[PDB]
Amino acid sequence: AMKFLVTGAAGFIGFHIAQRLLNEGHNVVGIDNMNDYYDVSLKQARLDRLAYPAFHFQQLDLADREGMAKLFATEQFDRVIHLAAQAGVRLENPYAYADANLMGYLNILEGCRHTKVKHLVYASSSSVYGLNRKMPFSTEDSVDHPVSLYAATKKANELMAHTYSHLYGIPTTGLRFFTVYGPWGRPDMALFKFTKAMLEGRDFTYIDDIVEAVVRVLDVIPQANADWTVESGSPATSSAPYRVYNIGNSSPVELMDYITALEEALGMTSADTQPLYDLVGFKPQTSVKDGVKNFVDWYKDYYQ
């Protein structure tokens, strides 16, 4: 079987990707540092649901140079899906972003270089669009004006990916994420905060739709293009085997619809995502009603 590394495997998206890859018969190695940015017991709960014979978990920090080098050298991964990062756009704790998103990403790249990983798929962010105002945001647009350190680190990942694709031939695909929600979600994002505070005192994609797109992209390996030039190409293409795509749900939905969906279930800025829907022949088809219902059902089940 193929051997995949899923980083951030105890996290929201990593858990779902690892779970899907395991259900498809692959060998999966998961790593996560189980940091306390949010409830570590939630991460542990996710990690407990990945107990499969073909799943191996290693608590490892991305910034651990020797540890990371050893992991790559020993496992000889076929592909890597890199999701571990310090997320959240919203100034306090800059060193966490440098550690995880800059140094940590270079260690991923070094691992891929030394062991000739066949495809590295990694998480970028819509925040790279920064001060841009021309809508819908497109990967053909310049992304030079980030307004958060988090965004700057994600663009730096794309630049580093380009460098490694060009020098070493490692195929890379960066995915610019918008807002993801669903069961086993993040405590620090809106949908969860609301549900919790509500019980006490935008571009949204349901997690299953994200998983489906990422697993298809993992199988589409970028190839070199000797005819590509900067002057007639894009910041998301290259002569190197390098690609960047927006991932999301191009649907007109303001924040109030989801707020209304919560109250219904509890009883009390645009983006061009067409290049990805084409490449993999899939488009998100989960309705806000079903999505929030799945979240609340999970929320109530898990927390009560």
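In case it trips you up, residue 1 is the first one in the sequence shown, and so on.
- According to the entry, the deposited sequence places 10 or more unmodelled residues between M268 and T269.
- According to the entry, the stretch of the deposited sequence that connects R90 to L91 contains 1 to 3 residues lacking coordinates, which leaves a short gap in the model.
- Taking the PDB entry as given, 255-263 carries the higher mean Cα B factor of the two stretches 255-263 and 233-241.
- Looking at 104-112 and 134-142 together, the entry lists the larger mean B-factor for 134-142, computed on C-alpha atoms.
- Across the residues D48, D278, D64, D272, the deposited record lists the maximum Cα B factor for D278.
- Ranking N246, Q44, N33, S250 by the C-alpha B-factor listed in the PDB entry places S250 at the top.
- Sorting the modelled residues of the chain by their CA temperature factor places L21 in the middle third.
- Looking at the C-alpha B-factors along this chain, the one for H162 belongs to the lowest third.
- Placement of the Cα temperature factor of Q223 within the chain: middle third of the modelled residues, per the deposited record.
- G174 sits in the lowest third of its chain by CA B factor, as recorded in the PDB entry.
- When the CA B factors of the chain's modelled residues are split into thirds, the value for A152 lands in the lowest one.
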